[PDB]
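Letter by letter, the chains look like this.
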Amino acid sequence: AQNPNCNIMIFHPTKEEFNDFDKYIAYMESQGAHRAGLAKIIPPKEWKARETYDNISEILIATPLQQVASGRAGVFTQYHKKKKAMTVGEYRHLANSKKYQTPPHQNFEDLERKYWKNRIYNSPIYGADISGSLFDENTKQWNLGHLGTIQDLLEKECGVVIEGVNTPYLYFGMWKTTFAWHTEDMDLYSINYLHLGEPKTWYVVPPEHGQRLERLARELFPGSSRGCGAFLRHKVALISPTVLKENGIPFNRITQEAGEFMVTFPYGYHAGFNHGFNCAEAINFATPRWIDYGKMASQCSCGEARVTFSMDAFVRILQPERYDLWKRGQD
Ligand SMILES: O=C(O)CNC(=O)C(=O)O
Ligand SMILES: [Mg+2]
Ligand code: NI
Ligand SMILES: [Zn+2]
């Protein structure tokens, strides 16, 4: 069995290997990369996403979100308070202000210590889930807006044509902006490209151990667990590496820098934080190996998780028994 300790693997494709996306995902899986839940892909030196980032300041962040925490330093939830619209140039200046800028630090480990110690005492502002792309239209390799669609994958594998579309999202981050513990919708893959700026630290639980994380989360968030049998779908709960280690939960960590891709694999729980002002692009995707995970994915039906238009068809076709209840949750 490849990668039996479920370590995060890092790949360096050549320019020739970077031509065929599906084939390279399948190659990484042949080496056991999916066992970790997360992999890093460093593009060949010949590749670029676009020519420059000098002209992005006029992008609008219509609904910046202030991430307000409750709990204790290692075990907390966050809620998202809506703020007034601002441009990417206004947001960059905000991120660099004395109130929000990254503190002085020695290295990534020191900054990680400071994050876990102090995150709860601040409320950073995040631009999230902004439909759009920063890939140049002429970038032919690993262009996140030109991937094959999940609806076409399901049709190719299962024969059923369905409605829906699949497009990328942009994220603008600052120091302490936080992504809560989650898997993707319908336990899909995701791919994330860090376009510019400061790093993102990731934490991940191997897919084969995901139920261990869920059992801990029920113990640590007991009211939330009573409210909903899949409350991690709400994307609000944080648990620190120290707390995971105290409770014997298997996980790994890695820092992504600008110019690097990360792939998350089906049912790989992940969480993390941004180091300072940055811009990332991400999209979900599927492969043949996903279909079995999609058929088994939990679902939130309490009303909280509320998701995209395109999830309807995935639930309807892969999970017909659950469809009626899930749809009540959506309405
Ligand atoms: O850019 C981001 O904040 C977070 N991304 C993810 O959880 C992902 O790509 O799967
Ligand atoms: Mg602009
Ligand atoms: Ni994710
Ligand atoms: Zn729910």
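- As summarised from the PDB record, the model derives from X-ray crystallography at a stated resolution of 1.4400 Å.

### What to know about the sheet that holds strand β9 (residues 178-182)
Inference 1: Spatial ordering of the open sheet is given by β9-β15-β11-β13, a layout of four strands whose pairing is antiparallel. Every other strand in the sheet has two partners, leaving β9 and β13 (252-256) as the edge strands with one partner each. Across the sheet, the mean angle separating the axes of adjacent strands is 15 degrees when strand polarity is ignored.
Inference 2: Of the strands in this sheet, β9, β11 (200-205), β13 and β15 (269-274) touch helix α3 (residues 108-118), which is tilted by about 100 degrees from β15.
Inference 3: Contacting β9, β11 and β15, helix α5 (residues 210-220) runs over the sheet at an angle of about 70 degrees to β15.

### With respect to the site of ligand 1
Inference 1: Taken together, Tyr126, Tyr171, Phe179, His182, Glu184, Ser190, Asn192, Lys200, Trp202, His270, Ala280 and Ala282 are the residues near ligand 1.
Inference 2: The separation between an oxygen atom of ligand 1 and a polar side-chain atom of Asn192 is 3.1 Å.
Inference 3: In the environment of ligand 1, an oxygen atom lies 3.1 Å from a nitrogen or oxygen atom belonging to the side chain of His270.
Inference 4: Residue assignment for the shell around ligand 1 shows that the elements contributing at least two residues are β9, β10 (189-197), β11 and β16 (278-285).
Inference 5: The class makeup of the residues in the shell around ligand 1 is six nonpolar, four polar and two charged.

### Some details on the pairing of strand β14 (residues 261-264)
Inference 1: The side-chain alternation of β14 yields two buried faces, one formed by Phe261 and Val263 and the other by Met262 and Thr264.
Inference 2: Pairing analysis gives four bridges linking strand β2 (residues 38-41) to β14, with the strands arranged antiparallel. Counterpart to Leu38 in the pairing with β14 is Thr264.
Inference 3: The pairing of β10 with β14 spans four bridges and is antiparallel. The residue bridging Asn192 from the neighbouring strand is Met262, located in β14.

### Brief notes about the pattern of salt bridges
Inference 1: Applying the stated criterion to the full structure yields 11 salt bridges.
Inference 2: In this structure, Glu29 and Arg289 form a salt bridge, with 3.1 Å as the shortest nitrogen-oxygen distance. Taken together, the residues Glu29 in helix α1 (residues 21-30) and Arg289 in the loop between β16 and α8 (290-296) connect sequence positions 260 residues apart.
Inference 3: The exposure class of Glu29 is buried, given its relative accessible area of 14%.
Inference 4: By relative accessible area, which is 27% here, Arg289 ends up partly exposed.
Inference 5: A salt bridge links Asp110 to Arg113; the nearest nitrogen and oxygen atoms lie 2.8 Å apart. Of the two residues, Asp110 and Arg113 both sit in helix α3, three residues apart, roughly one turn of that helix.
Inference 6: On the basis of relative accessible area, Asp110 is assigned to the buried category, the value being 15%.

### Focus: the environment of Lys156
Inference 1: Within the element layout of this structure, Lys156 appears in helix α4 (residues 150-158).
Inference 2: In the structure, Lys156 is positioned 18 residues away from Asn138 in sequence and 27 Å away in space, judged by C-alpha atoms.

### A few points about the UniProt feature "binding site: Fe cation" in the chain
Inference 1: UniProt's feature table lists "binding site: Fe cation" at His182, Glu184 and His270, given in the numbering used throughout. In sequence the annotated residues extend across 89 residues, while in space they remain close, none of their C-alpha pairs exceeding 9.2 Å.
Inference 2: Tracing the backbone shows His182 in strand β9.
Inference 3: Apart from the residues within four sequence positions on either side, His182 is in contact with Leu232, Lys235, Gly268, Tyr269 and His270.
Inference 4: Here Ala180 takes part through its backbone oxygen, which lies 2.7 Å from a polar atom of the side chain of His182.
Inference 5: Position of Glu184 relative to the elements: it lies in the loop between β9 and β10.
Inference 6: Every residue in contact with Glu184, bar those within four places of it in the chain, is listed here: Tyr189, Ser190, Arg233, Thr264, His270 and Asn284.
Inference 7: Here the side chain of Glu184 touches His270 through a polar contact of 3.0 Å, side chain to side chain.

### Some points on the sheet that holds strand β12 (residues 237-239)
Inference 1: Strand order in the open sheet formed by 10 strands is β1-β2-β14-β10-β16-β8-β7-β4-β5-β12, with mixed pairing between adjacent strands. In the strand order of this sheet, the two ends are held by β1 (9-11) and β12, each with one partner. Neighbour-to-neighbour, the strand axes of the sheet open up by a mean angle of 25 degrees, direction not taken into account.
Inference 2: Pairing analysis gives three bridges linking β1 to β2, with the strands arranged parallel. The partner of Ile10 across the bridge, within β2, is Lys40.
Inference 3: Its contacts with the sheet put helix α2 (residues 88-95) on β7 (125-131) and β8 (169-173), and the angle it makes with β7 is roughly 155 degrees.

Cut-offs applied
- The residue numbers shown here are sequential, starting from 1 for each chain in the order of its written sequence. They can differ from the numbering used in the entry, and residues that have no coordinates are not displayed.
- For this description, chains carry letters from A and ligands carry numbers from 1, given in the order in which they are written.
- Neither water nor hydrogens contribute to the side-chain values; these are computed over all heavy atoms in the structure.
- Residues with missing side-chain atoms are left out of burial classes, side-chain pairs and their counts.
- Here, a strand pair is defined by DSSP locating no fewer than two bridges between the strands.
- Put simply, DSSP H or I for four residues or longer makes a helix, DSSP E for two residues or longer makes a strand, and each gets a number counted from the N terminus.
- Throughout, an axis means a line fitted to C-alpha atoms (over the contacting stretch in the case of helices), and angles, computed between N-to-C directions, take values from 0 to 180 degrees.
- By the convention used here, residues are in contact when the closest approach between their heavy atoms is within 4.5 Å.
- Whether a residue is near a molecule or strand depends on its heavy atoms: if one lies within 4 Å, it is near.
- We call two N or O atoms a polar contact when they sit within 3.5 Å, provided that within protein one can donate a hydrogen and the other can accept it, with sequence-adjacent residues counted only if both atoms are side-chain atoms.
- Each residue gets one of three labels, nonpolar for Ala, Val, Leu, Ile, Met, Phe, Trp, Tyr, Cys and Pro, charged for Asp, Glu, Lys and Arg, and polar for the others, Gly among them.
- Residue burial is assigned from relative accessible area. The probe radius is 1.4 Å, only protein chains are included, and a residue is buried under 20% of its type maximum, exposed over 50%, and partly exposed in between.
- Salt-bridge detection follows one rule: a side-chain nitrogen of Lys or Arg within 4 Å of a carboxyl oxygen of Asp or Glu.
- UniProt positions are given in the numbering used here, feature names are shortened, and annotations may be inferred rather than shown by experiment.

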